[PDB]
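The chain below stands alone and is given in structure tokens; this is the form deposited in one PDB entry.
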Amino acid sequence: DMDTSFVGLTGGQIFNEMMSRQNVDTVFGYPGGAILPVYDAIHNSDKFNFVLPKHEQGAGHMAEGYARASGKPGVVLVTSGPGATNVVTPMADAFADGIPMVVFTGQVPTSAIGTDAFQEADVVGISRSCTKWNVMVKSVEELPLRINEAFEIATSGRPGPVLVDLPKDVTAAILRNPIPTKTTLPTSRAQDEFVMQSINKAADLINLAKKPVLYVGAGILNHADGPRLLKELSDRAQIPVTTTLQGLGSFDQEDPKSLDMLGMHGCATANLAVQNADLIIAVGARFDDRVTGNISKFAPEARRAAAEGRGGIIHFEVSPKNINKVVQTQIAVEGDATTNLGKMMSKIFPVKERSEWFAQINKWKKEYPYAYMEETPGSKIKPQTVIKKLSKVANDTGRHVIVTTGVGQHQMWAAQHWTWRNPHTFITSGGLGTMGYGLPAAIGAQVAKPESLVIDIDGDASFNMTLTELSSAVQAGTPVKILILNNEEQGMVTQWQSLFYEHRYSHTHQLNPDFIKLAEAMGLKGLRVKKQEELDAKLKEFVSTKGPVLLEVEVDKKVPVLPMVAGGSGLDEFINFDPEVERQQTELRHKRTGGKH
């Protein structure tokens, strides 16, 4: 069939029309010359809300935050050259964390491409490795098709970003030819039989397990029923649950079967359970190097069970690229995890109880809590204490709470000390680990959920990366609450410098501006707290302030995040907290640094 309904419109107007067809209600971008034809077409358009940042990187991170909080793809619209290169980090970031995002970059006229034209860049070539797919629209006739392919690829399989390059002559051009109706409109029986066979094997293996553990990640959150079916399986088979950083919120941590987070900085109990389980059921997780520890030492008991045909590893993965990439698995259940958990449920034998397993796990829970050096008379506020208190204060409001963070120690403490209970409430950069993600992600998340209490638990160095977006929050009308755990250092780096480079802190201390005065200059309320006795009141004021507000908390310095598994250590070969050792290490630091730190 042929469609003539677009004949007569410009590329920009067609773009405008395709947005509402793709159910897009929000667009994040920054205007420019090459992209003018599209902006003129979306001028005053009520098809969607437009959010304007101060920098394109901000638009990209806002879009990611928006996508993480809404489940819908984040749409970015920037110009050619510098406008496009400024979104590479956000794309690389979405690529690592599987975030759906469609990036539209204006380009110079097709007749100028390859002539080193003004503001011309080979964005398709540049974003090749950090997008699931990209393309340069060569004619207005193919604009609808490309847009549709972009949204489909970004939101299917493992979500991810895609880039569509838009030559100025294509968007300014008028469609003078009818186009295929298909290009304008947004399961083998053997395959299904094969998946079902996988599910049956997975079920049989699970019914055999004596010490099972559910290793859950971001994949379970890519379906509305994910958390529900996960809990059902957990309850039904009495299986303890541990999640990755990106899986936090998928399992109710108030549940006794919760093991909390695993990994480099995960709860020792979670790591021990994984190192001792006879069966690891990986659900929507990719065994990244921040989770497995020394891979040759990863899950010894599951490895032993496999050698004896009584266990091993089961993996519910949607992408073939991540199947058997890091570790050999016994059974790979291809496809959407939630969908496959639903099909397998009936084949799982209800389990009365696992007393020994749970008893062992409970001994660990008593022995390895997230211990740290708490406040003492006259001391500075402890960062971990701030998270604990804010978590309670925020939870007690009864509102829907969303948490975004920067990258570093504050990020890990937010992950460890916050009590996660709801899906899609923790938005953080994990794969690429982009400092500066906190503020813009929060702004985007707030646009997605106007009624939610959105908190950006940020670090001082991370915050500096993108602090210019503070005025954007005001202009966007997003009452975000910015929390800066200021230790006047790049904590995560100084930590590694403390542990592996004998306290030699090389250029890891940046000079911060007055955050409170900065906040006021940017248009929002600014609050500071440095005294222990004022923390509670300030957190209260912080959370109940009506518009956007920033709260800086001066926190102790050179405080390591523990437990910790690094180098060639196994998940069960972690460094635990020890007040005596911290005191000795502090003394050693003052000497080695010549009293500078």
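In this text, residue numbers run from 1 along the sequence as written. Rigid core (definition): largest C-alpha set, two forms, superposition within 1.5 Å.
Of the other entries compared for this protein that flank it with modelled residues, all give atoms for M264, so not even a third lack it.
In the record comparison, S188 is unmodelled in at least a third of the other entries of this protein that model the residues flanking it. The modelled chain breaks after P186 and resumes at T187, leaving 4 to 9 residues of the deposited sequence without coordinates. A summary of the deposited B-factors shows that, of 187-195 and 384-392, the stretch with the larger mean C-alpha value is 187-195.
Higher mean CA temperature factor, per the PDB entry, when comparing 133-141 with 237-245: 133-141.
Of all the options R146, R290, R303, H410, the entry's greatest CA B-factor is assigned to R303. Listed residues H265, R176, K231, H417 were ranked by CA B-factor as deposited; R176 comes out on top.
In this PDB entry, the Cα temperature factor of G523 sits in the middle third of its chain's modelled residues. Remark: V549 belongs to the lowest third of its chain, ranked by C-alpha B-factor as recorded.
Annotation for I35: C-alpha temperature factor in the middle third relative to the rest of the modelled chain, per the entry. Annotation for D165: C-alpha temperature factor in the middle third relative to the rest of the modelled chain, per the entry.
Ranked within its chain, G71 lands in the middle third, by CA B factor from the PDB record.
The same protein has a further form, the form deposited in another entry, not shown here; the description that follows concerns it.
After superposition on the rigid core, the C-alpha displacement between the shown form and the other one reaches 2 Å or more for just one residue among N177, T376, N422, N200, namely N177. For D40, a C-alpha deviation of 2 angstroms or more is recorded between the shown form and the other one after rigid-core alignment.
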